[PDB]
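Beneath this line is the structure, given in structure tokens, with notes to follow.
Please treat every number below as a calculation from the coordinates, not as lab data. For neighbour counting, all protein chains shown are included, and Cβ atoms are generated from backbone atoms with ideal geometry for every residue, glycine included.
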Amino acid sequence: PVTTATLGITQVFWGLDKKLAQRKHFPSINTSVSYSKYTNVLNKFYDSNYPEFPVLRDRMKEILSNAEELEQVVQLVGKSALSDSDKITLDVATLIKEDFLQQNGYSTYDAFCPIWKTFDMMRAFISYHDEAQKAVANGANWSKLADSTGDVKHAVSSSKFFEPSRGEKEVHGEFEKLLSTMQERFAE
Amino acid sequence: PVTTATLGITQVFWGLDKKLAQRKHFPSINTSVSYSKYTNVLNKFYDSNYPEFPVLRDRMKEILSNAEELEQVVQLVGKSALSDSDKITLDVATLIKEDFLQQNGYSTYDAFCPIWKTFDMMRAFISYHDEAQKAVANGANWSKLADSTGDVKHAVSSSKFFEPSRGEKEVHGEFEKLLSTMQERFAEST
Amino acid sequence: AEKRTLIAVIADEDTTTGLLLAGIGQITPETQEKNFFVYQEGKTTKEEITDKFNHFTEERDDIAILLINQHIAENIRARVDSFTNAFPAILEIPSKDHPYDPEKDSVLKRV
Amino acid sequence: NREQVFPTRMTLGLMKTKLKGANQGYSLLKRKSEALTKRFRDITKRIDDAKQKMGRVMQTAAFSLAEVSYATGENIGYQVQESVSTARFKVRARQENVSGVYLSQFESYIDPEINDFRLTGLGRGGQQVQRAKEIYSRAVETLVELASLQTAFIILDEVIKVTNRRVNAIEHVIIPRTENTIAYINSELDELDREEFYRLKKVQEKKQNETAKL
């Protein structure tokens, strides 16, 4: 009853899952159920500061929902002859869950992820997903593409290890190289 | 609530499953949930009188657990992919359930199985399982081994019919011949 | 698999000669083994033919497709039935004066 | 016949989600089984046609080989066996994606390293030997195609059997099991609600008695 009343009254809900908590997948936010009613208001601030933030957030929500549906279908049907794009979405969402929605709040590097750093990480993840999608749609096999771009995937993973204490100028430049490296793999 | 409080306070829990209560499988003891906490303290008596009793009981318990897992996986995925060892475990545990674990308390032979008879029959069943495992690991196909040793299997499964009224000396004398014949019938077949 | 790149022939002498002319079968010099072994009813025995077929199916991993004559497969019917593995494939080609029998086909029996 | 799940609202919701997923998987796997069964029937028809064609091609190749041997005046089998150092014909497996299965398809190839045949040293009938070799190569290609079709049919049969077993298991085991678990959980929470209602009714009776006394 207290949860229901608070859920009806409040505007944001950061639901937590015991299954994710026990696996030490903190902050353990239940993405399916969690919601925020302040995105409509915050479109103005995002257009002022980081114009691409709402689009990237919607893209990541869509990717996570599609990958949840695909994971349910995989659990149902043994992942038999999964589509290349479906495998891309599954891999990208697993990477997002393991390197963007999982941060140790007590670790020095990931205690505080500022808005600029998290926006750059969101853009890096979305660019990686888009590059994989476009390259496979061109004709590249996903297995060979992953074998070739494991270095870029590890760089995107280490983007969570990037220290925000270096300031915006240093961190933003570091992500600029990551986009350049990600674009370089697209040509190959 | 009564069952929960009783399980919290008592030391021995002989759970009964109605699935085995039907199909006339008495005692319908659920070997998965039942437990006894006096097995540790009873090691003194077991080492004094029947030293191999705890080891045989543990071997039978692990055989039953392995067969429970095998039956669980088979009931949904069939038995067309089991290994020879898995087939041996399933067959021996079905034999244990059909002959050893089930006891007809209203039959003269199985009204009262004393401790020595129970220990000897555990020895017989465990020796049967070990001999089958060794023979198959030697290279013998399990189907052909079962076809050749159906007589030994019947002799083991019919060991319950040995009336304890004959006495410890007579019943144990027949059981010693049962193991010796079973060992021979597993070496000649292999 | 990609490793299995060969054609096994255990048919009669004429069919073995035809397969050799086609070039599917050959004898490996280093391995001292022949992919296509000539065997007839008079030559060797049923047990030898069954052993050769088993070696081609399992020991000779390079063999991908096995070509066995219907007359040869008749004496190796038990081995053909036991060879339930898809790889390598087994084909019951007809021999000289021995037309192919649909009933004797192991693959067609599963239908 | 029920899952060992502790009766709770979270458990009830998890089991409803499990039941919905089980029904969805049942429908999807039944449809996949139907598609693979259509593909397997097509593969069986193609296998029968390929067996007939392979029999005809084998008869033609046997006739051609007999004609070549008659023209040459001797059996070229010994010479062919002697010149068997390397195989000119090789087959490479290809992982074709037919429906939801990944049945491998054999792809024949010709190696020009040892493409030379035993025409030299045959004595006579070189043209007949070459024609017989070409006919035998065509028959070998047809046999490779038939073997690939048979392997695909066997793989599809195994996959269809596994899928049908999975559908039957899902339905008969899981759906009664999950439905019985849902029923048991609903009954248990109904019992807890009834006990709470009785306790509240006793509280109301005590309060009413106290109010009447006062």
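Scanning the stretch A:99-111 for residues that are within 19 Å of A:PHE125 (Cβ to Cβ) and outside any helix (DSSP H, G or I), which turns out nearest to the other protein chains (Cβ to nearest Cβ)?
Filtering the stretch A:99-111 for residues within 19 Å of A:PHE125 (Cβ to Cβ) gives A:99-104, A:109-110.
Next, only the ones that are outside any helix (DSSP H, G or I) stay: A:100-104, A:109-110.
Numbers: A:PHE100: 26, A:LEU101: 21, A:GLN102: 23, A:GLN103: 26, A:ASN104: 27, A:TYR109: 35, A:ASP110: 30 Å.
For the stretch A:99-111, the residue satisfying everything is A:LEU101.
Name the single residue that is nearest to the other protein chains (Cβ to nearest Cβ) among those in the stretch B:74-98 being over 22 Å from B:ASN30 (Cα atoms) and among the small types (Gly, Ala, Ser).
Ranking the qualifying residues of the stretch B:74-98, first place goes to B:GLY78.
Scan the stretch B:149-171 for residues that are within 22 Å of B:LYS97 (Cα to Cα), in a helix (DSSP H, G or I) and not hydrophobic (A, V, I, L, M, F, W, C) and report the count. Break it down into steps so the answer makes sense when it comes.
Step one: filter the stretch B:149-171 for residues within 22 Å of B:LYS97 (Cα to Cα), giving B:149-164, B:171.
Next cut, in a helix (DSSP H, G or I) only: B:150-161, B:164, B:171.
After this cut, where a residue has to be not hydrophobic (A, V, I, L, M, F, W, C) as well, the list is B:150-151, B:153-154, B:157-160, B:164.
Number of matching residues: 9.
Tell me, which residue of the stretch D:101-131 that is surrounded by 19 or more Cβ atoms within 10 Å (Cβ to Cβ) and closer than 28 Å to D:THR37 by Cα is farthest from the chain's Cα centre (by Cα)?
D:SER108
Quick check on the stretch C:18-52: of everything there that is acidic (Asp, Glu) and outside any strand (DSSP E or B), which residue is nearest to the other protein chains (Cβ to nearest Cβ)? Quick ask: steps written out before the conclusion?
Taking the stretch C:18-52 and keeping what is acidic (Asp, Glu), we get C:30, C:33, C:41, C:47-48, C:51.
If we keep only those that are outside any strand (DSSP E or B) as well, we get C:30, C:41, C:47-48, C:51.
Details: C:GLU30: 10, C:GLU41: 16, C:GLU47: 19, C:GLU48: 18, C:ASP51: 17 Å.
Here the residue is C:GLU30.
Among the listed residues D:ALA50, D:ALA62, which satisfies the condition of being touching a strand residue (DSSP E or B) at 6+ places or on another chain (Cβ under 9 Å) and buried (at least 20 other Cβ atoms within 10 Å of the Cβ)?
Of the residues listed, the single one that is touching a strand residue (DSSP E or B) at 6+ places or on another chain (Cβ under 9 Å) and buried (at least 20 other Cβ atoms within 10 Å of the Cβ) is D:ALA62.
For B:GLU98, work out the one condition from (1) more than 14 Å from the chain's Cα centre (by Cα); (2) under 29 Å from B:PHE186 (Cβ atoms); (3) acidic (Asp, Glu) it doesn't fulfil.
(1)
What pairs can you find where one residue is in the stretch A:38-66 and without any contact (Cβ under 8 Å) to a residue 40 or more places away in the chain, the other is exposed (fewer than 12 other Cβ atoms within 10 Å of the Cβ) and of a type outside the set (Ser, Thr, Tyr), and their Cβ atoms are less than 8 Å apart, with a gap of 6+ or different chains?
These pairs meet every condition: A:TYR38/A:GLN11; A:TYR38/A:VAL12.
Only one of D:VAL84, D:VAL68 is buried (at least 20 other Cβ atoms within 10 Å of the Cβ) and assigned to a helix (DSSP H, G or I). Can you tell me which? Please lay out each step first, then the result.
Working: D:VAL84 fails: assigned to a helix (DSSP H, G or I).
The conditions single out D:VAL68.
Looking only at residues that are touching a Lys or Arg at 6+ places or on another chain (Cβ under 9 Å) and facing chain D (nearest Cβ under 7 Å) in the stretch C:8-17, which one is surrounded by the most Cβ atoms within 10 Å (Cβ to Cβ)?
Going through the qualifying residues, I end up with C:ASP14.
Identify, from the list D:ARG56, D:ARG2, D:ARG39, D:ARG46, the residue that is more than 22 Å from the chain's Cα centre (by Cα), more than 30 Å from D:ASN186 (Cα to Cα) and away from chain A (no Cβ under 11 Å).
Working: D:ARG2 fails: more than 30 Å from D:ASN186 (Cα to Cα); D:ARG39 fails: more than 22 Å from the chain's Cα centre (by Cα); D:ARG46 fails: more than 22 Å from the chain's Cα centre (by Cα).
Among D:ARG56, D:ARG2, D:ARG39, D:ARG46, only D:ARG56 is more than 22 Å from the chain's Cα centre (by Cα), more than 30 Å from D:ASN186 (Cα to Cα) and away from chain A (no Cβ under 11 Å).
Mind telling me which of the residues D:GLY121, D:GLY100 ends up being more than 9 Å from chain C (Cβ to nearest Cβ) and on the phi > 0 side of the Ramachandran plot?
Details: D:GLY100 fails: on the phi > 0 side of the Ramachandran plot.
Testing whether each residue is more than 9 Å from chain C (Cβ to nearest Cβ) and on the phi > 0 side of the Ramachandran plot leaves just D:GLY121.
Could you look through the stretch D:72-81, keep only residues that are more than 8 Å from chain C (Cβ to nearest Cβ) and touching a residue at least 12 places away in the same chain (Cβ under 8 Å), and pick out the one that is surrounded by the most Cβ atoms within 10 Å (Cβ to Cβ)?
Filtering first and then ranking leaves D:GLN79.
Quick one: in the stretch C:72-98, which of the residues that are facing chain D (nearest Cβ under 8 Å) and in a loop (DSSP other than H, G, I, E, B) is farthest from C:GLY18 (Cα to Cα)?
So, considering only residues that are facing chain D (nearest Cβ under 8 Å) and in a loop (DSSP other than H, G, I, E, B), the one farthest from C:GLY18 (Cα to Cα) is C:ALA86.
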